[PDB]
Amino acid sequence: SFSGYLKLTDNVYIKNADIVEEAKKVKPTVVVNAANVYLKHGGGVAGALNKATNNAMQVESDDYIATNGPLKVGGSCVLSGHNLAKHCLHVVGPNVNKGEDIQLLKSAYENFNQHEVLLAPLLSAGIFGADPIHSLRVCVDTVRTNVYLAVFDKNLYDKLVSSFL
Ligand SMILES: NCCn1ccccc1=O
């Protein structure tokens with residue numbers, strides 16, 4: 001199972017790790033992708049997870065979008081986890097760089113409550129433009145299921161742990 005995580009709360013754990021390497025090692029039941037409404041996995045966590053699946057995640061995602069249309073900001077869908085996990089929960093956090101409502105971050109984290117345990121990144125962090133300290137606070141105050149957060153950036157991981165209230 002998950003190793004080397006720092007316990008933040010009853011159900012939230014955090015580690016300085018590459019979520020792709022973490023997924024290949026643990027092969028969790030659920031890996032969360034930092035998705036956009038189009039499931040276009042170009043960069044950030046989505047681009048990295050997709051590249052690890054040899055683009056199978058993108059092929060599956062394009063078929064999902066062709067059938068269902070785009071997701072809502074704050075919404076999610078469950079697709080295959082390919083070689084990374086049993087399932088991938090594609091969650092759309094607000095992209096503040098695209099001028100999206102930061103209040104939608106709590107709705108985005110609520111999707112995690114449908115899964116008993118997840119390997120996840122901080123939603124709306126990185127290229128999505130939100131403050132990762134705020135994302136961690138929303139995560140701990142919203143998610144009730146067991147969430148193992150992988151933070152790629154060491155300096156950000158240290159800042160998150162050292163400033164955690
Ligand atoms: N080897 C994947 C590294 N990584 C982790 C998180 C987000 C983007 C990214 O490229």
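Residue numbers start at 1 and run along the sequence shown. Numbering of ligands and ligand atoms starts at 1, following listing order. Computed from heavy atoms alone, side chains included, the values below leave out hydrogens, waters and symmetry copies.
Environment of CG in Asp10: sparse, with no more than 12 heavy atoms of neighbouring residues, nucleotides or ligands closer than 6.0 Å. Heavy atoms from other residues, nucleotides or ligands lying under 6.0 Å from NZ of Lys72 number 12 at most.
Proximity of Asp18 to ligand 1, defined as any heavy-atom pair under 4.0 Å, is confined to the side chain (atoms from C-beta onward).
Among all non-hydrogen protein atoms, the one lying nearest atom 10 (O) of ligand 1 is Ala48 CB, 3.7 Å. The single protein non-hydrogen atom nearest to atom 5 (C) of ligand 1 is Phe152 CG, 3.6 Å, given as residue, atom name and distance.
Evaluated for a side-chain hydrogen bond (donor to acceptor under 3.5 Å, both in side chains) with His90, the options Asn111, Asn33, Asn36 yield exactly one hit, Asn33.
Using a 4.0 Å cut-off between charged side-chain N and carboxylate O, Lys40 and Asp62 make a salt bridge.
Here is the list of ligand 1 atoms found below 4.0 Å of a heavy atom in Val45: 6 (C), 7 (C), 8 (C).
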